[PDB]
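See structure below.
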């Protein structure tokens, strides 16, 4: 049980890394989309107008 | 130590929940920006023409 919980801790930490890894990639992707959406909405709305 | 491992699993799972909670709010914003960019892509590509 100790080794099972120890291995489970690695799986729990590994599972947390998966969600954290996606958050890191999603954050970089969201920031790029948010930054682009800011310049695009500020430029496209002006260039299209 | 077995009971102590449960705290690490709870703490590790708690940290993953925090990242998942923040990722959920950020993942939704990323998809929202893509929708505006997609709508602006066709418009900027056609309105500019």
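Where does chain A land at 222 nm, in deg cm²/dmol rounded to the nearest 500, when only DSSP H runs of n ≥ 4 count, each adding -39500 (n - 2.57), divided by all residues? Can you show the working numbers first?
On the way: 1 runs with 47 residues, N = 49.
One gets -36000 deg cm²/dmol as the mean residue ellipticity at 222 nm.
Under the convention of a label 7 Å out along Cα→Cβ, give the distances in nm from residue A:1 to the same position in every other copy, shortest first.
The projected label point of residue A:1 is separated from its counterparts by 1.5 nm.
Within the range B:1-44, find all residues whose amide N lies under 19 Å from a label point positioned 7 Å from the Cα of residue A:11 along Cα-to-beta-carbon.
Within reach of a label on residue A:11: B:2-17.
How far is helix B:2-47 tilted off the main Cα axis of chain B, in degrees rounded to 10, range 0 to 90?
Value to nearest ten degrees: 0.
Radius of gyration and Dmax for the protein assembly as shown's Cα atoms, expressed in Å?
20.7, 69
Could you state the orientation-averaged shadow area of the convex hull built on the Cα atoms of chain A, in nm² to one decimal? Walk me through the numbers on the way to the answer.
On the way: hull surface 13.1 nm².
The number I arrive at for chain A is 3.3 nm².
Ordered shortest first, which distances in nm separate the 7 Å Cα→C-beta label point of residue A:34 from those of the other copies?
For residue A:34, the inter-copy label distances come out at 1.7 nm.
Any idea what the residue B:14 label distances to the other copies are, label 7 Å down the Cα→Cβ vector, nm, shortest first?
2.4
A short reminder: the numbers here are calculations on the coordinates, not readings from a lab. Ideal geometry is used to build each Cβ from the backbone, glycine not excepted, and the neighbour counts take in all protein chains shown.
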